[PDB]
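Enquirer: Handing you a structure now.
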Amino acid sequence: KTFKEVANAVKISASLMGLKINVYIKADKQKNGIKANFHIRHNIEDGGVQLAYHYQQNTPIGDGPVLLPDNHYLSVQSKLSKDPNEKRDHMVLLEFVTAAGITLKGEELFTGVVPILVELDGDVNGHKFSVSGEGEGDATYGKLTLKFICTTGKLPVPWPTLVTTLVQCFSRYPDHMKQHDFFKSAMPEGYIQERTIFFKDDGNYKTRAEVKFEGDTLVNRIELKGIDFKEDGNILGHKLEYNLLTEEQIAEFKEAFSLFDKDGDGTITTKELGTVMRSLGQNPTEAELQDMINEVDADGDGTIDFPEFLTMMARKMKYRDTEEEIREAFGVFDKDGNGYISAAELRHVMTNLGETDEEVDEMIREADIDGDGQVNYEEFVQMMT
Ligand SMILES: [Ca+2]
Ligand SMILES: [Ca+2]
Ligand SMILES: [Ca+2]
Ligand SMILES: [Ca+2]
């Protein structure tokens, strides 16, 4: 087992304990609708991550009865691409969205393929823009395919920052979760979707959208206002990467999986998760272990099977680690907090994980760029590439 593999297991253990990557939906009885919260992580060019914290409210347009759900989440897989024959400033989007997080007439409008139209008018720090999108949704699979054009010329913000704003009625709700689909229940009259999106260390978007059928088209009409942005920051300075899977990356995912799946049955149970977390000096309760599993447990059986684990690792490719998360993983090895992983510290962790003085020294010696016999933060980072 390499230093890289053990560090990777340590990061995934902390991710399973703490990372919240889903779209969390709650009933809002006062508004006869829902609230949601989630965050997005945008990759900054030449390294680092820009966090976008989303707060959402949805309220029905009509007086008809709607479904108010139990707490649950949407799990989003999105791919951004370019149309090689498109000269206009554009974004091609493919998304698969599935509801989970509940353990084991409007819906009728979504059993086939539904044309979509999106229209956005934006104003960020007084830079105005418009976007038009079209494509189709196939809620049977939770599938969206859209192409968007900036109709005003050059988009003054990165396309990725508009993805969440630019139709959750296309989400796939599993059969055991159909009563919890507010979005389809509000159709065809539709819903108002409002957000505030906080770009950490930068300004915020405020959005208001009407999502409803106009004939047999699902239309999303949006207004967006951004205030308090930095003209040279990551958004108005265009410093976010547009978009982002090797056999090697998959094999690394599997090596991590097999450290949790100690009985080799192809699933990770609360007991198995607990065993690893206790070995890294955490002490989660049964209820907390069940909540960790729930974040990843697509089928709601109460375990993480192998494909569930690989889906989570694939989705985590859009959630680049923050300094604070990497410092936390470093800290599991750097138990005395002095900024240096000693051979003693690496042996303590390796031992606790059930993996010779020469083998430990050898591991240090590989990561130890500066030759001091210890691993500092910068060397830890470099070792994980
Ligand atoms: Ca197992
Ligand atoms: Ca499962
Ligand atoms: Ca230390
Ligand atoms: Ca060193």
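As shown in the structure tokens, the chain order sets the letters A, B, ...; within each chain, residues go from 1, and ligands are also counted from 1 in the order they appear.
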Please identify all polymer residues within 8 Å of stretch 195-200 of chain A, counting only C-alpha atoms, omitting same-chain residues fewer than 2 positions from it, and present them as a VMD selection string.
Expert: chain A and resid 50 to 57 193 202 to 208
Enquirer: Please provide as a PyMOL selection string all residues within 12 Å of residue A:337, with the sequence filter that same-chain residues fewer than 5 positions apart are discarded (counting only C-alpha atoms).
Expert: chain A and resi 327-332+342+345+376-377
Enquirer: Would you mind exporting N, CA and C atoms of the selected residues as a PDB file, in the first residue's frame?
Expert:
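Full text of again26.pdb as output:
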ATOM      1  N   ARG A 327      -5.725  20.158   4.201  1.00  0.00           N
ATOM      2  CA  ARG A 327      -5.075  20.413   5.523  1.00  0.00           C
ATOM      3  C   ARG A 327      -5.657  19.463   6.546  1.00  0.00           C
ATOM      4  N   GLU A 328      -6.957  19.186   6.481  1.00  0.00           N
ATOM      5  CA  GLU A 328      -7.600  18.196   7.362  1.00  0.00           C
ATOM      6  C   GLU A 328      -6.980  16.804   7.118  1.00  0.00           C
ATOM      7  N   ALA A 329      -6.859  16.341   5.877  1.00  0.00           N
ATOM      8  CA  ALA A 329      -6.275  15.013   5.586  1.00  0.00           C
ATOM      9  C   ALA A 329      -4.807  14.983   6.068  1.00  0.00           C
ATOM     10  N   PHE A 330      -4.058  16.035   5.781  1.00  0.00           N
ATOM     11  CA  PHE A 330      -2.648  16.147   6.210  1.00  0.00           C
ATOM     12  C   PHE A 330      -2.587  15.966   7.737  1.00  0.00           C
ATOM     13  N   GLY A 331      -3.539  16.564   8.451  1.00  0.00           N
ATOM     14  CA  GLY A 331      -3.678  16.586   9.920  1.00  0.00           C
ATOM     15  C   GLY A 331      -3.924  15.230  10.516  1.00  0.00           C
ATOM     16  N   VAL A 332      -4.563  14.322   9.788  1.00  0.00           N
ATOM     17  CA  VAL A 332      -4.762  12.916  10.238  1.00  0.00           C
ATOM     18  C   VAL A 332      -3.372  12.256  10.354  1.00  0.00           C
ATOM     19  N   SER A 342       6.198  12.898  10.388  1.00  0.00           N
ATOM     20  CA  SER A 342       7.417  12.130  10.726  1.00  0.00           C
ATOM     21  C   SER A 342       7.161  10.686  10.342  1.00  0.00           C
ATOM     22  N   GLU A 345       4.781   9.282  12.824  1.00  0.00           N
ATOM     23  CA  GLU A 345       3.375   9.660  12.505  1.00  0.00           C
ATOM     24  C   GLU A 345       2.835   8.772  11.379  1.00  0.00           C
ATOM     25  N   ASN A 376       6.218  17.625   4.690  1.00  0.00           N
ATOM     26  CA  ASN A 376       5.486  18.880   4.964  1.00  0.00           C
ATOM     27  C   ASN A 376       4.264  18.887   4.058  1.00  0.00           C
ATOM     28  N   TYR A 377       3.459  19.926   4.207  1.00  0.00           N
ATOM     29  CA  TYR A 377       2.157  20.074   3.530  1.00  0.00           C
ATOM     30  C   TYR A 377       2.403  20.052   2.025  1.00  0.00           C
TER      31      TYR A 377
END
Enquirer: Using only C-alpha atoms and all ligand atoms, find each residue with an atom at most 7 Å away from ligand 1 and format the answer as a list in words.
Expert: residues 261, 262, 263, 264, 265, 266, 267, 268, 269 and 272 of chain A
Enquirer: Counting only C-alpha atoms and all ligand atoms, name the residues that have an atom within 10 Å of an atom of ligand 2; the answer should be given as a count of residues only.
Expert: 21
Enquirer: Determine which residues of stretch 42-146 of chain A DSSP labels as strand (DSSP E) from the backbone of this structure, then write them out as number ranges by chain.
Expert: A: 42-43, 49-60, 72-81, 90-100, 113-124, 127-138, 143-146
Enquirer: For ligand 3, which residue out of A:371, A:48, A:60, A:339 is the nearest one, using only C-alpha atoms and all ligand atoms?
Expert: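 Of all the options, A:339 lies closest to ligand 3.
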Enquirer: Can you pull out every residue within 12 Å of residue A:47, counting only C-alpha atoms, but drop anything in the same chain fewer than 3 positions away, and send it as a list in words?
Expert: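 Residues meeting the cut-off are residues 42, 43, 44, 50, 234, 239, 240, 241, 320, 321, 322 and 323 of chain A.
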Enquirer: By how many Å are atom CA of residue A:174 and atom CA of residue A:217 apart?
Expert: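 Separating atom CA of residue A:174 from atom CA of residue A:217 is a distance of 23.8 Å.
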Enquirer: Please provide as a PyMOL selection string all residues within 7 Å of residue A:149, with the sequence filter that same-chain residues fewer than 5 positions apart are discarded (counting only C-alpha atoms).
Expert: chain A and resi 88-91+131-133
Enquirer: Please, which residues of stretch 133-269 of chain A, numbered as in this document, come out helix (DSSP H, G or I) from DSSP, as number ranges by chain?
Expert: A: 159-162, 168-170, 175-180, 182-185, 247-260
Enquirer: Could those residues be written to a file, using N, CA, C and O atoms, as a short mmCIF file (atom, residue, chain, number, x, y, z; two decimals), in the first residue's frame?
Expert:
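Ended up saving to result_17.cif:
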data_model
loop_
_atom_site.label_atom_id
_atom_site.label_comp_id
_atom_site.auth_asym_id
_atom_site.auth_seq_id
_atom_site.Cartn_x
_atom_site.Cartn_y
_atom_site.Cartn_z
N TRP A 159 -19.58 30.55 -18.27
CA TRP A 159 -20.73 29.64 -18.47
C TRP A 159 -20.98 28.74 -17.26
O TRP A 159 -22.12 28.53 -16.90
N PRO A 160 -19.97 28.07 -16.65
CA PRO A 160 -20.27 27.15 -15.55
C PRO A 160 -21.05 27.82 -14.43
O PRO A 160 -21.81 27.13 -13.80
N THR A 161 -20.89 29.12 -14.19
CA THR A 161 -21.58 29.84 -13.09
C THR A 161 -23.06 30.01 -13.37
O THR A 161 -23.78 30.30 -12.42
N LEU A 162 -23.51 29.77 -14.61
CA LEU A 162 -24.93 29.89 -14.97
C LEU A 162 -25.61 28.53 -15.04
O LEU A 162 -26.81 28.51 -15.24
N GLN A 168 -35.74 21.37 -12.67
CA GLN A 168 -35.55 20.19 -11.80
C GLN A 168 -36.76 19.24 -11.91
O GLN A 168 -36.70 18.15 -11.39
N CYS A 169 -37.80 19.66 -12.61
CA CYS A 169 -38.94 18.81 -13.01
C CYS A 169 -38.46 17.67 -13.94
O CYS A 169 -39.17 16.68 -14.03
N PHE A 170 -37.23 17.71 -14.48
CA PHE A 170 -36.72 16.58 -15.30
C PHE A 170 -35.97 15.53 -14.48
O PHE A 170 -35.51 14.54 -15.08
N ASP A 175 -39.11 4.86 -7.87
CA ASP A 175 -40.50 4.44 -7.57
C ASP A 175 -40.81 4.65 -6.08
O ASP A 175 -41.91 5.02 -5.76
N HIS A 176 -39.88 4.41 -5.18
CA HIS A 176 -40.14 4.59 -3.74
C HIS A 176 -40.15 6.07 -3.35
O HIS A 176 -40.36 6.30 -2.17
N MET A 177 -39.95 7.02 -4.28
CA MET A 177 -39.84 8.47 -3.96
C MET A 177 -40.80 9.32 -4.75
O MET A 177 -40.71 10.55 -4.66
N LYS A 178 -41.77 8.71 -5.42
CA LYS A 178 -42.67 9.47 -6.34
C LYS A 178 -43.52 10.50 -5.60
O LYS A 178 -43.90 11.50 -6.21
N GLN A 179 -43.84 10.26 -4.33
CA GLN A 179 -44.71 11.18 -3.57
C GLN A 179 -43.93 12.47 -3.25
O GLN A 179 -44.58 13.46 -2.89
N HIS A 180 -42.61 12.46 -3.44
CA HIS A 180 -41.69 13.54 -2.99
C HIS A 180 -41.30 14.45 -4.17
O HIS A 180 -40.48 15.33 -3.98
N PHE A 182 -42.05 17.36 -5.92
CA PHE A 182 -42.81 18.64 -5.93
C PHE A 182 -42.90 19.17 -7.37
O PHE A 182 -43.91 19.78 -7.82
N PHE A 183 -41.76 19.12 -8.06
CA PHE A 183 -41.53 19.85 -9.32
C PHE A 183 -42.56 19.41 -10.38
O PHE A 183 -43.14 20.28 -11.03
N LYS A 184 -42.72 18.11 -10.58
CA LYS A 184 -43.70 17.61 -11.59
C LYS A 184 -45.12 17.89 -11.09
O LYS A 184 -46.04 18.14 -11.93
N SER A 185 -45.34 17.81 -9.77
CA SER A 185 -46.70 17.97 -9.18
C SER A 185 -47.22 19.37 -9.46
O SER A 185 -48.41 19.48 -9.51
N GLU A 247 -8.57 4.62 -17.03
CA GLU A 247 -8.50 3.27 -16.40
C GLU A 247 -7.75 3.43 -15.06
O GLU A 247 -8.22 2.83 -14.08
N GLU A 248 -6.66 4.22 -15.03
CA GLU A 248 -5.83 4.45 -13.82
C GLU A 248 -6.68 5.10 -12.70
O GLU A 248 -6.55 4.69 -11.54
N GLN A 249 -7.48 6.12 -13.04
CA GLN A 249 -8.35 6.84 -12.08
C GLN A 249 -9.34 5.82 -11.51
O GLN A 249 -9.50 5.78 -10.30
N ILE A 250 -9.90 4.96 -12.37
CA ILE A 250 -10.89 3.94 -11.93
C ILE A 250 -10.20 2.94 -11.01
O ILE A 250 -10.80 2.58 -10.00
N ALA A 251 -9.01 2.47 -11.35
CA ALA A 251 -8.26 1.52 -10.50
C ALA A 251 -7.95 2.14 -9.13
O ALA A 251 -7.98 1.41 -8.13
N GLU A 252 -7.63 3.44 -9.06
CA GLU A 252 -7.42 4.17 -7.78
C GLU A 252 -8.71 4.18 -6.95
O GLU A 252 -8.64 3.96 -5.76
N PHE A 253 -9.84 4.47 -7.58
CA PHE A 253 -11.18 4.43 -6.95
C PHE A 253 -11.39 3.04 -6.34
O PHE A 253 -11.90 2.91 -5.23
N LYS A 254 -11.02 1.98 -7.06
CA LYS A 254 -11.28 0.59 -6.60
C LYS A 254 -10.40 0.22 -5.40
O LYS A 254 -10.88 -0.46 -4.45
N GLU A 255 -9.13 0.61 -5.44
CA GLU A 255 -8.16 0.42 -4.34
C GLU A 255 -8.70 1.06 -3.06
O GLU A 255 -8.61 0.42 -1.99
N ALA A 256 -9.23 2.29 -3.17
CA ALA A 256 -9.87 2.99 -2.04
C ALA A 256 -11.05 2.15 -1.57
O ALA A 256 -11.24 1.98 -0.35
N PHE A 257 -11.87 1.70 -2.51
CA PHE A 257 -13.12 0.99 -2.16
C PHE A 257 -12.77 -0.25 -1.32
O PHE A 257 -13.39 -0.48 -0.28
N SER A 258 -11.77 -0.97 -1.76
CA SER A 258 -11.34 -2.25 -1.16
C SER A 258 -10.74 -2.02 0.23
O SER A 258 -10.83 -2.94 1.04
N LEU A 259 -10.30 -0.80 0.57
CA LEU A 259 -9.87 -0.55 1.97
C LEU A 259 -11.09 -0.47 2.91
O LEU A 259 -10.99 -1.00 4.00
N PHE A 260 -12.24 0.02 2.45
CA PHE A 260 -13.50 0.04 3.23
C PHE A 260 -14.14 -1.34 3.22
O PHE A 260 -14.62 -1.75 4.28
#
Enquirer: Calculated over only C-alpha atoms, which of the candidates A:76, A:120, A:164, A:37 has the smallest distance to residue A:142?
Expert: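 Ranked by minimum distance to residue A:142, first place goes to A:76.
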